[PDB]
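Q: Please find one structure pasted underneath; my questions will follow.
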Amino acid sequence: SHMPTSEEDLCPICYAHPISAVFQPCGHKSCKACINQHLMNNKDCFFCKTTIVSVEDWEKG
Ligand SMILES: [Zn+2]
Ligand SMILES: [Zn+2]
């Protein structure tokens, strides 16, 4: 499936889990499980493939 309208802030890469991590200084966001698994392959910012300098925990409240 490819749906822009999600039930919550659900990570579009995964659907099952929401966003919890921001990829600075770009600001693109996804689930923590994304980047941790991605560091076994690359260090790029997924949706634009920019170099992630810092992976911080994006608080939603
Ligand atoms: Zn980006
Ligand atoms: Zn994800």
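In the structure tokens, chains take the letters A, B, ... in the order shown, each chain's residues start at 1, and ligands count up from 1 in the order shown.
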Hey, which residues come within 9 Å of ligand 1 if we count only C-alpha atoms and all ligand atoms? Could you give them as a VMD selection string?
A: chain A and resid 23 to 29 44 to 52
Q: For the residues in the current selection, export C-alpha atoms as a PDB file, in the first residue's frame.
A:
```
ATOM      1  CA  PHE A  23      17.516  13.540  11.443  1.00  0.00           C
ATOM      2  CA  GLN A  24      19.308  16.895  11.936  1.00  0.00           C
ATOM      3  CA  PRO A  25      20.086  19.428  10.503  1.00  0.00           C
ATOM      4  CA  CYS A  26      17.598  18.393   7.723  1.00  0.00           C
ATOM      5  CA  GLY A  27      14.651  17.695  10.056  1.00  0.00           C
ATOM      6  CA  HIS A  28      13.240  14.529   8.288  1.00  0.00           C
ATOM      7  CA  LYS A  29      11.610  12.134  10.796  1.00  0.00           C
ATOM      8  CA  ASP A  44      21.661   8.901   4.895  1.00  0.00           C
ATOM      9  CA  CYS A  45      18.386  10.800   5.644  1.00  0.00           C
ATOM     10  CA  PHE A  46      16.035   8.311   3.829  1.00  0.00           C
ATOM     11  CA  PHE A  47      13.456  10.680   2.188  1.00  0.00           C
ATOM     12  CA  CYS A  48      16.199  12.946   0.635  1.00  0.00           C
ATOM     13  CA  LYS A  49      19.424  10.826   1.226  1.00  0.00           C
ATOM     14  CA  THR A  50      21.209  13.806   2.996  1.00  0.00           C
ATOM     15  CA  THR A  51      24.028  13.100   5.549  1.00  0.00           C
ATOM     16  CA  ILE A  52      22.506  12.733   9.062  1.00  0.00           C
TER      17      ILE A  52
END
```
Q: Let's see if you can do this: from backbone DSSP, list all helix (DSSP H, G or I) residues in chain A, as JSON, numbers by chain.
A: {"A": [32, 33, 34, 35, 36, 37, 38]}
Q: Can you pull out every residue with an atom within 10 Å of ligand 2? Use only C-alpha atoms and all ligand atoms and format it as a list in words.
A: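 The neighbouring residues of ligand 2 are, in order, residues 10, 11, 12, 13, 14, 15, 16, 17, 18, 19, 20, 21, 29, 30, 31, 32, 33, 34, 35, 36, 37, 38 and 46 of chain A.
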Q: May I have the selected residues written with N, CA, C and O atoms, as an mmCIF file, in the first residue's frame?
A:
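Saved result, selection23.cif, follows:
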```cif
data_model
loop_
_atom_site.group_PDB
_atom_site.id
_atom_site.type_symbol
_atom_site.label_atom_id
_atom_site.label_comp_id
_atom_site.auth_asym_id
_atom_site.auth_seq_id
_atom_site.Cartn_x
_atom_site.Cartn_y
_atom_site.Cartn_z
ATOM 1 N N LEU A 10 2.307 7.841 11.973
ATOM 2 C CA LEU A 10 2.917 6.537 11.687
ATOM 3 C C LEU A 10 4.014 6.667 10.616
ATOM 4 O O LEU A 10 3.773 7.225 9.541
ATOM 5 N N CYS A 11 5.214 6.172 10.968
ATOM 6 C CA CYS A 11 6.411 6.176 10.106
ATOM 7 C C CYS A 11 6.064 5.610 8.708
ATOM 8 O O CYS A 11 5.787 4.430 8.617
ATOM 9 N N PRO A 12 6.071 6.441 7.608
ATOM 10 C CA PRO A 12 5.577 6.019 6.256
ATOM 11 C C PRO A 12 6.383 4.846 5.637
ATOM 12 O O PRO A 12 5.888 4.145 4.754
ATOM 13 N N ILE A 13 7.620 4.663 6.122
ATOM 14 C CA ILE A 13 8.512 3.562 5.716
ATOM 15 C C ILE A 13 7.980 2.188 6.214
ATOM 16 O O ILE A 13 8.214 1.154 5.582
ATOM 17 N N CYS A 14 7.227 2.214 7.331
ATOM 18 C CA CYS A 14 6.921 1.010 8.135
ATOM 19 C C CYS A 14 5.410 0.788 8.364
ATOM 20 O O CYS A 14 4.968 -0.362 8.441
ATOM 21 N N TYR A 15 4.646 1.898 8.465
ATOM 22 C CA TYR A 15 3.197 1.932 8.831
ATOM 23 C C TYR A 15 2.904 1.524 10.303
ATOM 24 O O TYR A 15 2.168 2.216 10.992
ATOM 25 N N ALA A 16 3.495 0.414 10.779
ATOM 26 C CA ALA A 16 3.130 -0.225 12.059
ATOM 27 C C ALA A 16 3.463 0.638 13.303
ATOM 28 O O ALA A 16 2.699 0.640 14.268
ATOM 29 N N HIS A 17 4.605 1.353 13.276
ATOM 30 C CA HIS A 17 5.092 2.173 14.422
ATOM 31 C C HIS A 17 5.182 3.654 14.004
ATOM 32 O O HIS A 17 5.413 3.938 12.821
ATOM 33 N N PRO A 18 5.010 4.627 14.966
ATOM 34 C CA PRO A 18 5.037 6.069 14.664
ATOM 35 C C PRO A 18 6.453 6.658 14.629
ATOM 36 O O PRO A 18 7.449 5.925 14.672
ATOM 37 N N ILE A 19 6.517 7.986 14.497
ATOM 38 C CA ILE A 19 7.771 8.749 14.519
ATOM 39 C C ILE A 19 8.242 8.968 15.975
ATOM 40 O O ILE A 19 7.416 9.164 16.879
ATOM 41 N N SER A 20 9.568 8.905 16.178
ATOM 42 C CA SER A 20 10.194 9.136 17.490
ATOM 43 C C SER A 20 11.619 9.726 17.348
ATOM 44 O O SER A 20 12.250 10.068 18.353
ATOM 45 N N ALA A 21 12.117 9.866 16.093
ATOM 46 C CA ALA A 21 13.498 10.315 15.820
ATOM 47 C C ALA A 21 13.522 11.325 14.654
ATOM 48 O O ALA A 21 12.908 11.096 13.604
ATOM 49 N N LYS A 29 11.957 12.911 9.599
ATOM 50 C CA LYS A 29 11.610 12.134 10.796
ATOM 51 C C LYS A 29 11.039 10.756 10.421
ATOM 52 O O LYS A 29 10.367 10.613 9.396
ATOM 53 N N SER A 30 11.307 9.764 11.288
ATOM 54 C CA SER A 30 10.752 8.405 11.184
ATOM 55 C C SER A 30 10.881 7.702 12.558
ATOM 56 O O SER A 30 11.179 8.353 13.572
ATOM 57 N N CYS A 31 10.620 6.381 12.593
ATOM 58 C CA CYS A 31 10.747 5.579 13.825
ATOM 59 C C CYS A 31 12.235 5.333 14.155
ATOM 60 O O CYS A 31 13.079 5.329 13.249
ATOM 61 N N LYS A 32 12.548 5.157 15.458
ATOM 62 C CA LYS A 32 13.931 4.891 15.932
ATOM 63 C C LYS A 32 14.511 3.612 15.292
ATOM 64 O O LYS A 32 15.695 3.561 14.955
ATOM 65 N N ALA A 33 13.644 2.591 15.123
ATOM 66 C CA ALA A 33 14.013 1.301 14.503
ATOM 67 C C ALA A 33 14.559 1.466 13.065
ATOM 68 O O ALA A 33 15.368 0.645 12.618
ATOM 69 N N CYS A 34 14.101 2.535 12.360
ATOM 70 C CA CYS A 34 14.568 2.868 10.993
ATOM 71 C C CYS A 34 16.074 3.114 10.978
ATOM 72 O O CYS A 34 16.815 2.367 10.340
ATOM 73 N N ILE A 35 16.512 4.143 11.721
ATOM 74 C CA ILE A 35 17.902 4.610 11.684
ATOM 75 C C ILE A 35 18.866 3.556 12.263
ATOM 76 O O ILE A 35 19.916 3.318 11.687
ATOM 77 N N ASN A 36 18.471 2.897 13.366
ATOM 78 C CA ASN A 36 19.297 1.853 14.016
ATOM 79 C C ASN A 36 19.608 0.699 13.027
ATOM 80 O O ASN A 36 20.755 0.241 12.928
ATOM 81 N N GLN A 37 18.575 0.279 12.273
ATOM 82 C CA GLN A 37 18.698 -0.765 11.232
ATOM 83 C C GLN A 37 19.475 -0.206 10.017
ATOM 84 O O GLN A 37 20.270 -0.916 9.394
ATOM 85 N N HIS A 38 19.266 1.092 9.737
ATOM 86 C CA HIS A 38 19.849 1.797 8.579
ATOM 87 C C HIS A 38 21.360 2.003 8.761
ATOM 88 O O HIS A 38 22.085 2.043 7.779
ATOM 89 N N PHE A 46 17.184 9.063 4.394
ATOM 90 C CA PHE A 46 16.035 8.311 3.829
ATOM 91 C C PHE A 46 15.313 9.068 2.680
ATOM 92 O O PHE A 46 15.606 8.860 1.499
#
```
Q: By how many Å are CA of residue 43 in chain A and CA of residue 57 in chain A apart?
A: 16.3 Å
